[PDB]
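K.L.:
Below is run_29.pdb; it holds PDB, C-alpha atoms and all ligand atoms.
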ATOM      1  CA  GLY X 243      11.678  -8.100  -1.556  1.00  0.00           C
ATOM      2  CA  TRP X 244       8.854  -7.799   0.857  1.00  0.00           C
ATOM      3  CA  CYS X 245       5.261  -7.418  -0.240  1.00  0.00           C
ATOM      4  CA  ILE X 246       3.037  -4.796   1.447  1.00  0.00           C
ATOM      5  CA  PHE X 247      -0.736  -4.808   1.042  1.00  0.00           C
ATOM      6  CA  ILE X 248      -2.773  -1.588   1.184  1.00  0.00           C
ATOM      7  CA  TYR X 249      -6.551  -1.546   1.571  1.00  0.00           C
ATOM      8  CA  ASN X 250      -9.233   1.138   1.558  1.00  0.00           C
ATOM      9  CA  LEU X 251      -7.498   3.492  -0.826  1.00  0.00           C
ATOM     10  CA  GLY X 252     -10.000   5.942  -2.330  1.00  0.00           C
ATOM     11  CA  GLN X 253     -11.060   6.025  -5.873  1.00  0.00           C
ATOM     12  CA  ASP X 254      -8.389   8.598  -6.881  1.00  0.00           C
ATOM     13  CA  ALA X 255      -5.411   6.782  -5.539  1.00  0.00           C
ATOM     14  CA  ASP X 256      -2.779   5.794  -8.042  1.00  0.00           C
ATOM     15  CA  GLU X 257       0.744   4.471  -8.319  1.00  0.00           C
ATOM     16  CA  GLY X 258       2.250   7.866  -7.534  1.00  0.00           C
ATOM     17  CA  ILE X 259       0.442   7.981  -4.204  1.00  0.00           C
ATOM     18  CA  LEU X 260       2.058   4.650  -3.279  1.00  0.00           C
ATOM     19  CA  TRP X 261       5.508   5.860  -4.313  1.00  0.00           C
ATOM     20  CA  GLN X 262       5.066   9.057  -2.304  1.00  0.00           C
ATOM     21  CA  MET X 263       3.839   7.300   0.810  1.00  0.00           C
ATOM     22  CA  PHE X 264       6.317   4.391   0.873  1.00  0.00           C
ATOM     23  CA  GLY X 265       9.482   5.822  -0.762  1.00  0.00           C
ATOM     24  CA  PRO X 266      10.311   7.917   2.301  1.00  0.00           C
ATOM     25  CA  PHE X 267      10.716   4.707   4.346  1.00  0.00           C
ATOM     26  CA  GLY X 268      13.275   3.100   2.038  1.00  0.00           C
ATOM     27  CA  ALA X 269      13.836   1.336  -1.187  1.00  0.00           C
ATOM     28  CA  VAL X 270      10.695   0.556  -3.148  1.00  0.00           C
ATOM     29  CA  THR X 271      11.058  -1.528  -6.288  1.00  0.00           C
ATOM     30  CA  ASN X 272       7.470  -1.928  -7.432  1.00  0.00           C
ATOM     31  CA  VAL X 273       4.005  -0.473  -6.833  1.00  0.00           C
ATOM     32  CA  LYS X 274       0.617  -1.438  -8.157  1.00  0.00           C
ATOM     33  CA  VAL X 275      -2.986  -0.400  -7.793  1.00  0.00           C
ATOM     34  CA  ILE X 276      -6.030  -2.316  -8.895  1.00  0.00           C
ATOM     35  CA  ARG X 277      -8.592  -0.367 -10.902  1.00  0.00           C
ATOM     36  CA  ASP X 278     -12.205  -1.178 -11.698  1.00  0.00           C
ATOM     37  CA  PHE X 279     -12.528  -2.829 -15.080  1.00  0.00           C
ATOM     38  CA  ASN X 280     -15.504  -0.630 -15.915  1.00  0.00           C
ATOM     39  CA  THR X 281     -14.982   2.728 -14.221  1.00  0.00           C
ATOM     40  CA  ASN X 282     -11.121   2.721 -14.120  1.00  0.00           C
ATOM     41  CA  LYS X 283     -11.341   4.235 -10.541  1.00  0.00           C
ATOM     42  CA  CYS X 284      -9.120   2.617  -7.941  1.00  0.00           C
ATOM     43  CA  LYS X 285     -10.847  -0.390  -6.357  1.00  0.00           C
ATOM     44  CA  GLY X 286      -9.135   0.310  -3.012  1.00  0.00           C
ATOM     45  CA  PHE X 287      -6.276  -2.155  -3.229  1.00  0.00           C
ATOM     46  CA  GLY X 288      -2.644  -1.429  -3.587  1.00  0.00           C
ATOM     47  CA  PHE X 289       0.668  -3.301  -3.360  1.00  0.00           C
ATOM     48  CA  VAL X 290       4.186  -2.166  -2.699  1.00  0.00           C
ATOM     49  CA  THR X 291       7.481  -4.134  -2.741  1.00  0.00           C
ATOM     50  CA  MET X 292      10.217  -2.922  -0.497  1.00  0.00           C
ATOM     51  CA  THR X 293      13.746  -4.357  -0.452  1.00  0.00           C
ATOM     52  CA  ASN X 294      14.569  -4.197   3.238  1.00  0.00           C
ATOM     53  CA  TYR X 295      12.476  -6.021   5.798  1.00  0.00           C
ATOM     54  CA  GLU X 296      12.970  -3.584   8.627  1.00  0.00           C
ATOM     55  CA  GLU X 297      12.045  -0.621   6.360  1.00  0.00           C
ATOM     56  CA  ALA X 298       8.931  -2.460   5.254  1.00  0.00           C
ATOM     57  CA  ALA X 299       8.009  -3.006   8.819  1.00  0.00           C
ATOM     58  CA  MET X 300       8.506   0.648   9.661  1.00  0.00           C
ATOM     59  CA  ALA X 301       6.325   1.643   6.710  1.00  0.00           C
ATOM     60  CA  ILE X 302       3.591  -0.776   7.796  1.00  0.00           C
ATOM     61  CA  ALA X 303       3.694   0.291  11.443  1.00  0.00           C
ATOM     62  CA  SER X 304       3.663   3.953  10.421  1.00  0.00           C
ATOM     63  CA  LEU X 305       1.123   3.916   7.619  1.00  0.00           C
ATOM     64  CA  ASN X 306      -1.453   1.431   8.948  1.00  0.00           C
ATOM     65  CA  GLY X 307      -4.357   3.657  10.060  1.00  0.00           C
ATOM     66  CA  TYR X 308      -3.156   6.609   7.906  1.00  0.00           C
ATOM     67  CA  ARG X 309      -5.723   9.028   6.810  1.00  0.00           C
ATOM     68  CA  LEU X 310      -5.426   9.520   3.046  1.00  0.00           C
ATOM     69  CA  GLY X 311      -7.889  12.213   2.490  1.00  0.00           C
ATOM     70  CA  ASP X 312     -11.293  10.892   3.440  1.00  0.00           C
ATOM     71  CA  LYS X 313     -10.129   7.234   3.952  1.00  0.00           C
ATOM     72  CA  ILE X 314      -8.380   5.393   6.811  1.00  0.00           C
ATOM     73  CA  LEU X 315      -5.915   2.962   5.206  1.00  0.00           C
ATOM     74  CA  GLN X 316      -5.098  -0.585   6.273  1.00  0.00           C
ATOM     75  CA  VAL X 317      -1.447  -1.502   5.520  1.00  0.00           C
ATOM     76  CA  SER X 318       0.014  -4.933   6.302  1.00  0.00           C
ATOM     77  CA  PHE X 319       2.216  -7.766   5.395  1.00  0.00           C
ATOM     78  CA  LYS X 320       0.204 -10.719   4.002  1.00  0.00           C
ATOM     79  CA  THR X 321       0.103 -12.942   7.070  1.00  0.00           C
ATOM     80  CA  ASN X 322       1.141 -12.507  10.766  1.00  0.00           C
ATOM     81  CA  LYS X 323       4.055 -13.939  12.663  1.00  0.00           C
ATOM     82  CA  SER X 324       4.919 -14.300  16.440  1.00  0.00           C
ATOM     83  CA  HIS X 325       8.643 -13.487  15.792  1.00  0.00           C
TER
HETATM   84 NA    NA B 401     -12.451   1.103 -17.738  1.00  0.00          NA
END
Now that the file is in, can you turn its structure into structure tokens?
P.N.:
Amino acid sequence: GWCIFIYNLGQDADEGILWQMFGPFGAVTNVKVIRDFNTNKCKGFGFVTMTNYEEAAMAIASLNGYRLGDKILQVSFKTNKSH
């Protein structure tokens, strides 16, 4: 699968948020959020695995810059490519 990185999630974001944002674009096999070891709030980082490259790309192009409540998300693949 293809790994998607989400940044700037708010403190209330959870796995269900990731499923509900990314599932509409295609098959999602895994989601994860990182939480603060001490507060258990979301730290702002999330990860999604999608099976199909073109659906991942559509999710990234659509969701990068998304306003999730009070926060503008950054969504990307790990590194860039010229083709
Ligand atoms: Na904790």
K.L.:
Choose the residue, out of X:321, X:253, X:262, X:281, that has the smallest atom-to-atom separation from residue X:301; count all atoms listed in the file.
P.N.:
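Looking only at the distances to residue X:301, the closest residue turns out to be X:262.
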K.L.:
Please provide the set of residues having any atom within 12 Å of residue X:247, restricted to all atoms listed in the file, with same-chain residues fewer than 2 positions apart removed, written as a PyMOL selection string.
P.N.:
chain X and resi 244-245+249-251+260+264+273-276+286-292+298-299+301-302+305-306+315-321
K.L.:
Which of these residues is nearest to residue X:313, using all atoms listed in the file: X:270, X:278, X:284, X:252?
P.N.:
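Using all atoms listed in the file, the shortest distance to residue X:313 belongs to X:252.
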K.L.:
Report, in Å to a single decimal, how far apart atom CA of residue X:325 and atom CA of residue X:261 are.
P.N.:
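Taking atom CA of residue X:261 and atom CA of residue X:325, their separation equals 28.1 Å.
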K.L.:
Counting all atoms listed in the file, which protein, DNA or RNA residues come within 6 Å of ligand NA 401 (chain B), given as a list in words?
P.N.:
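Going residue by residue within 6 Å of ligand NA 401 (chain B), we get residues 279, 280, 281 and 282 of chain X.
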K.L.:
I need the residue nearest residue X:266 from this list: X:324, X:303, X:297, X:314. Use only C-alpha atoms for the distance.
P.N.:
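Of X:324, X:303, X:297, X:314, the one nearest residue X:266, counting only C-alpha atoms, is X:297.
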K.L.:
Can you work out the spacing between atom CA of residue X:268 and atom CA of residue X:312 in Å, to one decimal?
P.N.:
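Computing the Euclidean distance for atom CA of residue X:268 and atom CA of residue X:312 yields 25.8 Å.
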K.L.:
Please compute the atom CA of residue X:272-atom CA of residue X:307 distance, one decimal, in Å.
P.N.:
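Distance between the two atoms: 21.8 Å.
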K.L.:
Take every atom of stretch 252-268 of chain X listed in the file, fit an axis-aligned box around them, add 8 Å per side, and give the centre and edge lengths in Å to one decimal as lines of an AutoDock Vina configuration file.
P.N.:
center_x = 1.1
center_y = 6.1
center_z = -2.0
size_x = 40.3
size_y = 22.0
size_z = 28.7
K.L.:
Complete the atom set of stretch 294-310 of chain X to N, CA and C atoms and return it as a PDB file, in the coordinates of the input.
P.N.:
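Listing of selection_17.pdb after writing:
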ATOM      1  N   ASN X 294      14.020  -3.917   1.931  1.00  0.00           N
ATOM      2  CA  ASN X 294      14.569  -4.197   3.238  1.00  0.00           C
ATOM      3  C   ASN X 294      13.481  -4.466   4.246  1.00  0.00           C
ATOM      4  N   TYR X 295      13.531  -5.597   4.905  1.00  0.00           N
ATOM      5  CA  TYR X 295      12.476  -6.021   5.798  1.00  0.00           C
ATOM      6  C   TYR X 295      12.212  -5.024   6.881  1.00  0.00           C
ATOM      7  N   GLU X 296      13.211  -4.476   7.539  1.00  0.00           N
ATOM      8  CA  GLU X 296      12.970  -3.584   8.627  1.00  0.00           C
ATOM      9  C   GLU X 296      12.324  -2.274   8.139  1.00  0.00           C
ATOM     10  N   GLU X 297      12.697  -1.837   6.959  1.00  0.00           N
ATOM     11  CA  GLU X 297      12.045  -0.621   6.360  1.00  0.00           C
ATOM     12  C   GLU X 297      10.596  -0.889   5.969  1.00  0.00           C
ATOM     13  N   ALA X 298      10.302  -2.079   5.487  1.00  0.00           N
ATOM     14  CA  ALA X 298       8.931  -2.460   5.254  1.00  0.00           C
ATOM     15  C   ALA X 298       8.126  -2.444   6.498  1.00  0.00           C
ATOM     16  N   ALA X 299       8.694  -3.011   7.569  1.00  0.00           N
ATOM     17  CA  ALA X 299       8.009  -3.006   8.819  1.00  0.00           C
ATOM     18  C   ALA X 299       7.712  -1.618   9.366  1.00  0.00           C
ATOM     19  N   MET X 300       8.717  -0.725   9.226  1.00  0.00           N
ATOM     20  CA  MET X 300       8.506   0.648   9.661  1.00  0.00           C
ATOM     21  C   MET X 300       7.399   1.328   8.842  1.00  0.00           C
ATOM     22  N   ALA X 301       7.392   1.080   7.553  1.00  0.00           N
ATOM     23  CA  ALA X 301       6.325   1.643   6.710  1.00  0.00           C
ATOM     24  C   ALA X 301       4.982   1.140   7.109  1.00  0.00           C
ATOM     25  N   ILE X 302       4.892  -0.188   7.367  1.00  0.00           N
ATOM     26  CA  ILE X 302       3.591  -0.776   7.796  1.00  0.00           C
ATOM     27  C   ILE X 302       3.112  -0.277   9.175  1.00  0.00           C
ATOM     28  N   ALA X 303       4.047  -0.176  10.143  1.00  0.00           N
ATOM     29  CA  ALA X 303       3.694   0.291  11.443  1.00  0.00           C
ATOM     30  C   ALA X 303       3.342   1.767  11.451  1.00  0.00           C
ATOM     31  N   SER X 304       3.892   2.497  10.494  1.00  0.00           N
ATOM     32  CA  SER X 304       3.663   3.953  10.421  1.00  0.00           C
ATOM     33  C   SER X 304       2.439   4.309   9.632  1.00  0.00           C
ATOM     34  N   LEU X 305       2.185   3.605   8.555  1.00  0.00           N
ATOM     35  CA  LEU X 305       1.123   3.916   7.619  1.00  0.00           C
ATOM     36  C   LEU X 305      -0.162   3.236   7.863  1.00  0.00           C
ATOM     37  N   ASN X 306      -0.192   2.073   8.584  1.00  0.00           N
ATOM     38  CA  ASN X 306      -1.453   1.431   8.948  1.00  0.00           C
ATOM     39  C   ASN X 306      -2.272   2.401   9.771  1.00  0.00           C
ATOM     40  N   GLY X 307      -3.538   2.624   9.377  1.00  0.00           N
ATOM     41  CA  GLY X 307      -4.357   3.657  10.060  1.00  0.00           C
ATOM     42  C   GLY X 307      -4.178   5.027   9.506  1.00  0.00           C
ATOM     43  N   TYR X 308      -3.368   5.263   8.530  1.00  0.00           N
ATOM     44  CA  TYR X 308      -3.156   6.609   7.906  1.00  0.00           C
ATOM     45  C   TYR X 308      -4.371   7.123   7.296  1.00  0.00           C
ATOM     46  N   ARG X 309      -4.654   8.429   7.497  1.00  0.00           N
ATOM     47  CA  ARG X 309      -5.723   9.028   6.810  1.00  0.00           C
ATOM     48  C   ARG X 309      -5.231   9.609   5.488  1.00  0.00           C
ATOM     49  N   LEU X 310      -5.708   9.026   4.401  1.00  0.00           N
ATOM     50  CA  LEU X 310      -5.426   9.520   3.046  1.00  0.00           C
ATOM     51  C   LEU X 310      -6.675  10.134   2.588  1.00  0.00           C
TER      52      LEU X 310
END
